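Read the single chain below, which is given as structure tokens and is the form deposited in one PDB entry.
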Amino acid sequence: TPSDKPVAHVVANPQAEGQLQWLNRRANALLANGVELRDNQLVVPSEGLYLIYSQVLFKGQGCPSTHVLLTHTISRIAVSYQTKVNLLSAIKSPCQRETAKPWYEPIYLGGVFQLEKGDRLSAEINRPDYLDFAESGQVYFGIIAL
């Protein structure tokens, strides 16, 4: 008997230039048991405890400057409050000393949260141009009802 757990696993569009865009209509990606993908946000169908997780992989060609900053943030908007709050957020200086060999920064973010029916979750970054799409499974965003 299949699970009725609301779940989703969405992957980033490699040819969406200038943006981090989630897709479900791709191999090994899904929306099930009521989770919707609307306006690039995962929409929660029922209240409960959820795992929420996201991966982005950044790459640079050497370190031209010590100043490049990288950000990756999961956000929540609850229907009652109509406000947008970070659940999980990382900021990273990839370059300590100026350089030209390629560098990589994977950021995985996850945890368990109390969510409400109709919440909208978003997973966002500051620099889509630094995203790497060399192989599949490098940029994803999901939730799993516990």
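Think of the rigid core as the biggest set of C-alphas that the two forms share within 1.5 Å after superposition. Residue positions are given as counts along the sequence shown, with the first one as 1. Residues that one form lacks are left out of the comparison.
Form deposited in another entry: not shown, discussed below.
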Rigid core superposition between this form and the one not shown: residue from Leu30, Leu109, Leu51, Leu37 with Cα shift of 2 Å or more: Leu30
CA-CA separation of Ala27 and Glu36, closer or farther in that other deposited form than in the form shown [shift of 3 angstroms or more]: closer
Direction of C-alpha distance change in that other deposited form, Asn40 to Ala29 (at least 3 Å): farther
Regions of at least 3 residues displaced between this form and the one not shown by 2 angstroms or more (CA, core superposed): 25 to 31, 133 to 135
